[PDB]
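Okay, so here's just one chain, in structure tokens, the form deposited in one PDB entry.
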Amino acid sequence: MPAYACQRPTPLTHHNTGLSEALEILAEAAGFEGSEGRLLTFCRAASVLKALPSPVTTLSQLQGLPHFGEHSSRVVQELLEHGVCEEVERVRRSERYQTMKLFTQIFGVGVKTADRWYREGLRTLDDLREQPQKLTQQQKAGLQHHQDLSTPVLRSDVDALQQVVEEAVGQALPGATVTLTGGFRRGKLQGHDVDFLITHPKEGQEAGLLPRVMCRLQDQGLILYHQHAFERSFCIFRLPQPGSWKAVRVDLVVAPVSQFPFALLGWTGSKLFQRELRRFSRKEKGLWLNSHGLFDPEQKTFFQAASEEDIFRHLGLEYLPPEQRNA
């Protein structure tokens, strides 16, 4: 078992679902307390279990796995012995956990805002709706649309939506393309939102595209919310339903074709996979990775990539298709 998640395949479905879920509750709780280091360790330990070829049945099977020390091992031990880990259950039922989860799920609310609201004594969505002058415009939209946004987006909804985005994109810039990224590209049958990456095969033609796309989608009556030069838009969109519609979150991002493989890689995720890939790049290869490129700070040069395959090759990693990046 290699130490970095980007060095091993992680499928979407696996053989240690209950154990990984438990560790991820502790990760999430660590994040609510601003403990990013402990969040990372618990996430990494969970991901290791996702990468195993069979179920963990005995404590000795953790021997030598990376990211399993005293704490993560005791969590697995208790689950294996009793079907339950008392620490995890105590977190699950804490008012702090439940409220921080509720608040941070709102579009426009992060951990820092949720925490402040918590310290002010706020506990429920109706507590937030009573004092709406305290909310940003983004938070107001998040709160109004919270119920629809809490419902998973189905993969079967996505093609119709991609077609409406493609129509708007084609008018904004003929020849521009739309690629489905995120968890759906990794094989997920549901997600909390849809992610589209937009480019054009002629370098430079994509400059100024996103505002033109957004104005057209808004003219079609499809945009319930958006922030508005820019290149990422975090939208709420009107998705058709039988006799009606529902609000869904859609992310749109533009990249020049030169950057497209880096953007595709980044936006395809998973989040842990990307953090691990960027950590690997910098710490093991001395190269700086982001969704725009890969930089050699000694040479002061950017690596040209025509494909995700190029990027794994420039990092000395075995290629993983999107379906094996579910770290």
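Numbers for residues come from their place in the sequence shown, where the first is 1. Superpose the two forms; the largest set of C-alphas matching within 1.5 Å is the rigid core.
Below: the form deposited in another entry, not depicted.
Position that moves between the shown form and the other one after core superposition, taken from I106, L173, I236, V88, with Cα shift of 2 Å or more: Among the listed residues, the one whose C-alpha moves by 2 Å or more is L173.
message: Could you check, with the core superposed, whether the Cα atom of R212 shifts 2 Å or more between the shown form and the other one?
response: Yes, its C-alpha moves 2 Å or more.
task: Establish whether a shift of 2 Å or more occurs at the C-alpha of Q299 between the shown form and the other one, with the two forms superposed on the rigid core.
output: Comparing forms between the shown form and the other one, the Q299 CA shifts at least 2 Å.
query: Would you say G221 moves its Cα by 2 Å or more between the shown form and the other one, aligning on the core?
result: Yes: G221 shifts by at least 2 Å between the shown form and the other one.
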